[PDB]
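Just below is one structure, and these are the notes that go with it.
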Amino acid sequence: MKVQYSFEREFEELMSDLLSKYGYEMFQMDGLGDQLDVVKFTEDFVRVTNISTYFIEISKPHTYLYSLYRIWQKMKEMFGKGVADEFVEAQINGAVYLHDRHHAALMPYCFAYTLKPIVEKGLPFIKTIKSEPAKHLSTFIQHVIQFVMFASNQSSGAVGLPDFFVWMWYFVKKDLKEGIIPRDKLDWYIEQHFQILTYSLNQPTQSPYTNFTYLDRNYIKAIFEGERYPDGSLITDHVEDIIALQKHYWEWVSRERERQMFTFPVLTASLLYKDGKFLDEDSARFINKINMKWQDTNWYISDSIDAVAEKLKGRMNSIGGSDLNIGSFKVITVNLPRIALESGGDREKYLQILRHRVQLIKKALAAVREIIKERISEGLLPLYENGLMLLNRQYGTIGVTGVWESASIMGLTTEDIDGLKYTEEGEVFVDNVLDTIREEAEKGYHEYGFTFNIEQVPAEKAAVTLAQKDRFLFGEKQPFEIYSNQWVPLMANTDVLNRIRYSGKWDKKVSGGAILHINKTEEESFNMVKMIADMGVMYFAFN
Amino acid sequence: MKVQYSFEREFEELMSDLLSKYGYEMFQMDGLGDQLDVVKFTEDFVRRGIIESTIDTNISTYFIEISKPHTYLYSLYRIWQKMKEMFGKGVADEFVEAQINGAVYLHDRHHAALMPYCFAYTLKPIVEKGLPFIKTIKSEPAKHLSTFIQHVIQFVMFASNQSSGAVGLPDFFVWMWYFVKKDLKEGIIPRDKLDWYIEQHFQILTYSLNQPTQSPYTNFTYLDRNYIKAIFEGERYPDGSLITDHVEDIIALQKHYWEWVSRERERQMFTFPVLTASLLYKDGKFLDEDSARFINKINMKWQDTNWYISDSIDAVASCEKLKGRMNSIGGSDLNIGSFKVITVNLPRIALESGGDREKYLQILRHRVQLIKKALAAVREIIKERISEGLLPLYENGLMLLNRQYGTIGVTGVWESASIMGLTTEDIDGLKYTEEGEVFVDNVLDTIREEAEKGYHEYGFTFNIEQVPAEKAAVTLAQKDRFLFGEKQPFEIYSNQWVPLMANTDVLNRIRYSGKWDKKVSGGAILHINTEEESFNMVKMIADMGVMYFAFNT
């Protein structure tokens with residue numbers, strides 16, 4: 001049988017032309033080949049996973065195809081047919097990578113939420129039961145769990161809870177005062193509620209992506225200045241209890257991750273660091289100590305808290321450490337190796353193409369944003385209507401991947417005694433690439449009325465597929481089986497100091513939209529942490 | 001674009017022929033017309049929210065619905081393949097034709113070749129082994145109540161996505177009692193806050209089970225002392241104590257939930273779990289009169305609990321021909337379910353028969369015979385899915401295929417009778433004619449005979465259910481109207497022996513349920529629109545042989 005999908009004529013024409021240009025195997029590589037054949041898909045699938053996976057996966061080609069089409073329509077409406085055509089061509093041939101493409105015309109990527117609207121209003125967007133604002137710890141924890149479950153299904157990416165412990169403390173104290181618990185059973189009641197939360201957030205084939213952030217004293221003071229709990233108390237008056245509550249959780253998981261063997265929430269510590277020292281050295285020494293066991297907390301370093309006290313400021317990171325009330329509605333990544341391949345070694349041409357493609361990506365992000373707005377107006381994204389997800393606090397994200405491979409193809413990498421590295425010219429070249437992307441991102445605000453950011457994305461699948469497409473198009477000229485999601489590859493034989501220095505040079509140019517992975521005593525570890533923080537690295541972890 | 005789905009030639013031929021013979025409209029009615037067009041489907045979906053507001057769902061609903069036409073089409077194809085393998089091409093073609101034109105109704109059709117319909121579980125494996133079919137986190141057997149509750153919740157969520165229908169937990173309170181007592185003994189709770197700790201876990205459980213568009217369908221059963229003693233004779237808790245030694249603790253805990261739910265159902269307005277009380281009733285009286293009077297009392301407020309009446313506990317004793325009640329609304333016995341329901345469109349046969357009852361019965365027998373084969377095919381497919389490791393509920397002994405019926409469903413008994421000229425109106429309201437009652441008897445007895453033969457024919461047990469048919473009642477009527485026009489005057493077919501809305505004396509309604517509930521072994525429900533008054537009426541209904549009923553308010 002053949003089934004009719006009812007596209008506009010011009011889109012049909014476009015897809016026919018692209019098919020003729022690139023062949024069926026490009027489409028197959030893009031996930032628009034056999035994958036759209038339900039019988040093949042189903043019979044192949046049915047040969048760790050169970051049936052629940054099937055119903056999730058079966059529709060992904062189809063909702064991708066619809067999303068591509070819808071984005072094309074909106075781009076045509078906004079900028080004209082040629083632009084829309086060019087974007088579709090770029091997405092299908094792999095010059096760019098639309099993330100969560102099966103969701104791109106239906107819902108947004110991620111957000112790091114505050115729990116205040118929950119505490120104050122409960123969960124009125126759910127009708128199957130009425131949920132009065134909580135008044136005890138058990139209710140609060142339930143509500144939080146349900147909120148996470150609901151948000152994971154209203155979005156494609158991470159659910160961040162950086163101020164979780166702030167609001168948890170309040171219900172701990174309130175419960176304590178009203179004698180719901182015996183004091184001698186406080187810690188048991190706390191750890192119980194940790195267990196309930198942690199257990200519920202590690203349930204399926206894979207768990208939703210959540211983030212916790214250990215806020216230091218500076219961040220707590222800065223974020224919640226003036227703000228009050230429900231009882232009228234000032235939040236800033238309980239900084240030491242909130243800290244105490246966070247440390248308890250951190251200690252608890254390090255013991256418990258052995259036993260119960262869970263991943264989430266992904267843990268980040270946010271520390272204000274200036275002039276060679278931590279402004280909250282206690283918290284820093286605590287995290288440094290805790291991490292000794294598993295190295296399970298990511299180090300977030302900042303030199304300022306102005307961002308967290310219409311152009312958007314605040315850190316956005318797909319792994320963790322996204323600031324409170326910050327996110328991204330969509331990421332679209334630039335294939336930098338493609339551009340290298342298209343440039344033929346000419347760096348001027350490289351930068352002209354880069355610039356042009358980043359400009360296209362902005363137009364697509366704008367179009368996606370308009371579609372999200374359409375979804376909101378259609379009553380489909382209640383997290384917006386209920387002011388939990390804020391569109392004015394979401395970036396459009398320009399992604400980058402394959403910086404190293406791109407530089408390599410340009411002949412700007414080498415190897416000396418200290419292993420693999422960029423050449424001097426290669427460092428200048430990366431400087432220029434990143435400065436160009438920055439320039440365009442910054443122009444974006446005035447151009448389209450919302451803020452753009454940049455991230456060196458994890459690219460778990462993109463790093464493979466973009467490489468495959470480039471190999472398909474450029475053959476032996478593209479030697480890499482996979483593109484890199486760090487400034488210098490994880491597997492690379494290179495001195496740790498170079499790695500660190502690169503991160504110290506380039507992390508700032510993406511405003512912390514990157515991570516550094518670095519593979520006998522506390523003071524040693526802490527000396528290293530300080531050394532890395534001194535060099536300007538904004539987000540890192542040891543393995 | 002035109003997208004290829006890779007069917008065998010015979011199936012494509014068949015579908016094209018059916019298309020030529022019935023027209024696109026029938027396919028559109030069946031869910032295989034414009035619904036397969038992702039663009040039309042999506043464009044449609046995103047403005048229903050606009051129409052909603054004009055008249056008076058969110059994006060999470062989109063990803064659920066978009067694939068249903070497609071997984072139904074695959075399921076139909078797969079069932080056709082398996083039926084061709086098992087019984088030959090003519091049968092398979094016949095079944096596909098019947099399914100598409102509305103002679104039968106395949107339930108959960110978008111799931112039918114992928115997972116089973118329903119089960120009423122025991123929580124013993126969860127208590128003893130935890131949730132080892134989940135890998136995202138380790139889940140050792142619970143030691144405390146809070147953990148037990150969490151595990152039950154996650155089990156429900158997990159099982160709800162491994163099946164299409166209800167998740168029944170008949171012995172929930174049996175196992176919850178244990179953890180309550182255990183935490184009381186070890187001083188986890190202060191005695192003086194014991195009731196508070198319990199209600200907190202009633203809250204947690206109940207919140208979570210009413211908290212998705214629509215919540216998973218769950219069932220609770222108040223087991224009377226007879227059921228508890230009969231089911232759990234010889235069984236022990238993890239501490240080695242006999243469960244039967246705790247009958248009065250289990251009862252008290254069950255009454256506590258029923259009381260709390262009644263008080264709380266108003267405040268929070270939730271629906272689940274669906275409450276049934278299972279009561280042993282013999283020769284004019286409740287064998288557990290205490291529990292019956294309690295239920296009677298607590299129902300005075302919302303009538304939120306359904307009455308399950310049985311004359312025997314033999315079936316449920318210890319829990320190869322399968323015995324035990326199966327009901328899609330509530331009251332399925334412990335360790336009972338159905339892997340699939342396929343309903344016979346009885347009005348269709350009325351229309352086909354032209355008024356002749358022997359023709360009617362010949363066609364019916366043939367249809368039920370075909371349905372049996374379809375159910376046998378679906379069963380084999382589920383077994384394939386099990387061997388492919390896709391249905392861990394079976395691998396971990398929570399879902400039991402040998403404890404699952406293949407279900408022959410029925411809908412439109414009344415409308416079928418009316419089309420046949422076998423209904424009327426007398427002084428006590430609408431009713432069957434004398435000949436109509438015999439006709440209904442013959443229908444049910446014929447299905448019964450075929451069901452009983454099926455066991456020898458196919459090696460598993462068949463049951464019968466007068467299904468709720470929330471959608472089938474409309475679609476079947478519509479299709480019949482499309483095929484037969486004004487000879488099918490009903491906008492909707494009925495899911496009770498007598499239409500809920502019909503002006504007919506309660507006594508007749510009761511009488512009909514008393515005549516026919518047993519023929520479908522309790523696969524039906526009777527809705528009927530001071531305390532002693534209520535109790536007397538309950539007893540009057542039970543004496544008449546009604547097996548499952550409720551009052552509406």
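Residue numbering restarts at 1 in every chain; chains get A, B, ... in the order shown in the structure tokens, and ligands count up from 1 in that same order.
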Go through stretch 195-297 of chain B residue by residue and, counting only C-alpha atoms, keep those with an atom at most 10 Å from stretch 515-535 of chain B; for each kept residue give the shortest atom pair and its distance in Å to one decimal, ordered by chain and increasing number, as CSV.
```
residue,atom,partner,partner_atom,distance
B:292,CA,B:535,CA,8.4
B:293,CA,B:535,CA,7.1
B:295,CA,B:535,CA,9.5
B:296,CA,B:535,CA,6.1
B:297,CA,B:531,CA,6.3
```
Output of the above residues as an mmCIF file, in the first residue's frame, restricted to N, CA, C and O atoms:
```
data_model
loop_
_atom_site.group_PDB
_atom_site.id
_atom_site.type_symbol
_atom_site.label_atom_id
_atom_site.label_comp_id
_atom_site.auth_asym_id
_atom_site.auth_seq_id
_atom_site.Cartn_x
_atom_site.Cartn_y
_atom_site.Cartn_z
ATOM 1 N N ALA B 292 -20.958 -6.411 54.312
ATOM 2 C CA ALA B 292 -22.062 -5.976 53.470
ATOM 3 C C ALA B 292 -22.770 -4.742 54.045
ATOM 4 O O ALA B 292 -23.036 -3.783 53.308
ATOM 5 N N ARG B 293 -23.065 -4.754 55.346
ATOM 6 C CA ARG B 293 -23.731 -3.615 55.974
ATOM 7 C C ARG B 293 -22.817 -2.392 55.939
ATOM 8 O O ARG B 293 -23.271 -1.274 55.665
ATOM 9 N N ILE B 295 -20.489 -1.730 53.647
ATOM 10 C CA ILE B 295 -20.476 -1.230 52.266
ATOM 11 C C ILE B 295 -21.774 -0.468 51.988
ATOM 12 O O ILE B 295 -21.743 0.677 51.507
ATOM 13 N N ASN B 296 -22.905 -1.102 52.310
ATOM 14 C CA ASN B 296 -24.219 -0.462 52.190
ATOM 15 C C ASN B 296 -24.220 0.925 52.818
ATOM 16 O O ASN B 296 -24.666 1.888 52.197
ATOM 17 N N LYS B 297 -23.714 1.023 54.047
ATOM 18 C CA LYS B 297 -23.620 2.312 54.752
ATOM 19 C C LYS B 297 -22.734 3.334 54.028
ATOM 20 O O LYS B 297 -23.155 4.460 53.751
#
```
Which residues are close to residue B:458, i.e. within 10 Å by only C-alpha atoms, leaving aside same-chain residues fewer than 4 positions away? Reply as a ChimeraX atom specification. /B:372-373,375-376,453-454,462
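Between atom CA of residue A:510 and atom CA of residue A:486 lies a distance of 12.5 Å.
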- request: Within 7 Å of chain B, which residues of chain A are there when counting only C-alpha atoms? Please give them as a PyMOL selection string.
  value: chain A and resi 1-6+12+37-40+46-47+49-52+59+62+66+128-130+153-154+202-204+206-207+260-262+378-381
- Go through stretch 185-373 of chain A and collect every residue that DSSP, computed from the backbone, puts in helix (DSSP H, G or I); the answer should be as a PyMOL selection string. chain A and resi 185-200+217-223+235-260+281-291+306-308+336-343+347-373
